[PDB]
Amino acid sequence: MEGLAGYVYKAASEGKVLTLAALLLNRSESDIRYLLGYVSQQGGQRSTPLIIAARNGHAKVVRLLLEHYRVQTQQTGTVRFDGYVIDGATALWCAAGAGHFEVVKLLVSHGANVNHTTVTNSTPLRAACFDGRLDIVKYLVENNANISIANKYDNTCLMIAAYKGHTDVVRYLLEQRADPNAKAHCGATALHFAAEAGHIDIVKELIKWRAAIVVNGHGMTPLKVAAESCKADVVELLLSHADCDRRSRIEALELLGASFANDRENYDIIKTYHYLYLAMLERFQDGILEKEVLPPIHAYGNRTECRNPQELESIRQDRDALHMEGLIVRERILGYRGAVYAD
């Protein structure tokens, strides 16, 4: 008997809607209740026929189970997504997470809970924002998918959207009045993620929707995140708006200029001088934001940090001294948990 449950699950996961109907036909009431609810283990993952079919985009198989055999949508399982298992996903979650828009409408039509939460509090809406299917995100939002339900670490749909670069959905969520200043467990806003990734269009959309400049738990404003992550264009766009007059905007320009000497990604020294020196000029524009220079670290030689514009002009060449300056500036100025997956 449980052997037949294996055939019924295979058919559903293979999409073979005819051969599933032959298996379910001429069965009893306790029987179709049994065969369609049998949680079968395809490894470590565990799922029901309706979940695996919705997971694999087999709309015909799902239309049959919903319409003619009264399968319950609230069924949860633990399904595999990008390697790792996801605990407590319903069929609607798996479909929204897999970008099967045709399946998603089917389930929502038949009363599937739009706001079901994974054990890590991942709504199907979040699954759709992670994928980026704007058409699924609109449908769920239109069908009362609450945009406010964050994951276990208070990471919202807007953040996973901003981080993953889905500019089209980031605008939709903002247009549906998603709070642009929600903070995550670590203290990050949607702007922090969009900045660290260098999502220039998304940083523009957040600012247009009044995204404030908030400090993170490690102490970072979004400005300092773009600088540290070497996102020069993102820095310029943030520096192009209302900001802490000179103290924070200068600290940005040095951290950014430090970043062009502290990683192989850019490792462009001409940019280091350009930004370190633009910072140095900015300080000596009044009469003055003097540098609270640190004692010479035993590692970098003596090499005290430049505090005069003339002092830094003597280093427009001698790359080695500039690379050292980039470590000193970063060390002086400085010395994302759970916001990356569908969870």
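- The record names X-ray crystallography as the way this model was obtained, at a resolution of 3.2520 Å.

## Let's talk about the UniProt feature "binding site: Zn(2+)" in the chain
Here is step 1: In the numbering used here, UniProt assigns the feature "binding site: Zn(2+)" to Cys186.
Here is step 2: With respect to the helices and strands, the residue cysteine 186 is situated in the loop between α11 (167-175) and α12 (190-197).
Here is step 3: By relative accessible area, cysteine 186 is classed as partly exposed at 29%.
Here is step 4: In this view, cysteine 186 contacts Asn216, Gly217, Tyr336 and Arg337; residues no more than four positions away in its chain are not counted.

## What to know about the packing of aromatic side chains
Here is step 1: In this structure the tally under the stated criterion is six aromatic pairs.
Here is step 2: Above the face of the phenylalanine 81 ring, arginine 55 is positioned so that its terminal group lies 3.7 Å from the ring centre.
Here is step 3: For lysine 105, the ring lying beneath its charged end belongs to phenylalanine 101, and the centroid distance is 4.6 Å.

## Considering the domain arrangement of the chain
It is common to report an interface's size as the accessible area lost on association of the parts.
Here is step 1: As assigned here, the chain comprises domain 1 (1-112) and domain 2 (256-333).
Here is step 2: Just the C-alpha atoms count here: the centres of domain 1 and domain 2 sit 60 Å apart.

Thresholds applied
Sequence order sets the numbers: each chain starts from 1, possibly unlike the entry numbering, and residues with no coordinates are not included. The basis for every side-chain value is the complete set of heavy atoms in the structure, and neither hydrogens nor water enter the calculation. Residues with missing side-chain atoms are left out of burial classes, side-chain pairs and their counts. UniProt positions are given in the numbering used here, feature names are shortened, and annotations may be inferred rather than shown by experiment. Secondary structure is summarised from DSSP: a helix means a run of H or I of at least four residues, a strand means a run of E of at least two, and numbering begins at the N terminus for each. Burial here depends on accessible area, computed with a 1.4 Å probe over protein chains only, as a share of the maximum for the residue type. Under 20% is buried, over 50% is exposed, and the range in between is partly exposed. Between two residues, a contact is recorded if the distance between any of their heavy atoms is within 4.5 Å. Stacked, edge-to-face and tilted labels apply to pairs of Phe, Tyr and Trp rings (six-membered ring for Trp) whose centres lie within 6.5 Å, assigned for plane angles under 30 degrees, over 60, and everything in between, in that order. Counted as over-ring charges are cases with an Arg CZ or a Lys NZ within 6 Å of the ring centre that also lie within 35 degrees of the ring normal. Segmentation into domains, and thus their bounds, comes from an automatic or database assignment.

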